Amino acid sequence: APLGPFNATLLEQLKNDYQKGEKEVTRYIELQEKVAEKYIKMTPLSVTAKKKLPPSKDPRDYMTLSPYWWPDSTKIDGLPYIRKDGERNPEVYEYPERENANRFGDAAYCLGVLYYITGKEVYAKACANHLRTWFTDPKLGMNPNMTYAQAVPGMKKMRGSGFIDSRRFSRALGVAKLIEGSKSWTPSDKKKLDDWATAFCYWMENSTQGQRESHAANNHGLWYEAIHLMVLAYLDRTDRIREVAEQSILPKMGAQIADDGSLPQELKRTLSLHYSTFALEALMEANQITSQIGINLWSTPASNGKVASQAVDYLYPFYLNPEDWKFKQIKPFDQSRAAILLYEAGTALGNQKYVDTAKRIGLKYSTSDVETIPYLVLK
């Protein structure tokens, strides 16, 4: 498969078996084609579809509210907002791109993967429509920055913590490599998206917000580099991917994993089991890319000898029994998120206990959740 943000091994196996006419896969792909129809008809979304504008006055600037910040009832204007870790302020849904970036990302991802497997031009054409409108359109496309992502009313300093929102559209950016060579994705479309991705990569690496997020001591730094790798892989910068793995990702794992394999930065969160898992999901998506060029982030040690497999080891019994978790978790943990994580970690590590547990937890055969498309093996 082309370099991108997916399990390349599972995708190739699906395309092989679908082209071979294998019955199990052909039936699974035909279900996925029924799921995917809503995306062929779906009107492409745009970040410009908001009423309340950013401080730049530019509807093309992405802006969201940082989810745990709330009006202060003891202030006349509610300002400045105050933090309630783990309590999502429903005001976030007043920023349309919060859910629209997810909807776009789901649509482009599903369509791009279904085009790669089946070769049907109708999937590239619709995938292309979503990509053009979201990224490159001179009126509807988003500016390549995350300046106003997770803004906070009344906050005086700028932060880069909102960059983590980018994972919702950076996976779709990656899957665009899958429609290159279709009739619908012209050389001109590719150049524009290449140029947008080049400007976004530049902003990520050189803006102050980008630099600060690249140095975050918790799961934000890990997601920053996972996003970084999707952009770099889209741009075919294989040397930079190696450099990011060795100079940023591995040192981060070495610092954030304690000797017992816990992630202390996530243990202090009110949703500590969710955020431990979310840290590892960043590594999981990062590894999907690094493992396509021979770097296994699950088993490759940092300079201090720590390996991401130690973090999985620490959490595994709590994926078996979340009720055993001893740290603060003020909402129930969704065990299903462990399925893909334990499958990904298990195959990379040769740990059949992890792979077995992934299949016992399982994914629903008929689920329309787009990230589960490659994982027939769990269905």
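Numbers follow the displayed sequence, beginning with 1.
When the C-alpha B-factors of 180-188 and 146-154 are averaged, 180-188 comes out higher. As the entry records it, the average C-alpha temperature factor is higher for 347-355, out of 347-355 and 59-67. In this structure the maximum Cα B-factor among 292, 209, 198, 166 is found at 292. Among the modelled residues of its chain, residue 330 has a C-alpha B-factor that falls in the highest third according to the deposited record. Sort the modelled residues of the chain by CA B factor and residue 216 lands in the middle third. Per-chain ranking of the deposited C-alpha B factor places residue 243 in the highest third. The deposited CA B-factor of residue 90 belongs to the lowest third of values across its chain. Among all modelled residues in its chain, residue 264 ranks in the middle third by Cα B-factor.
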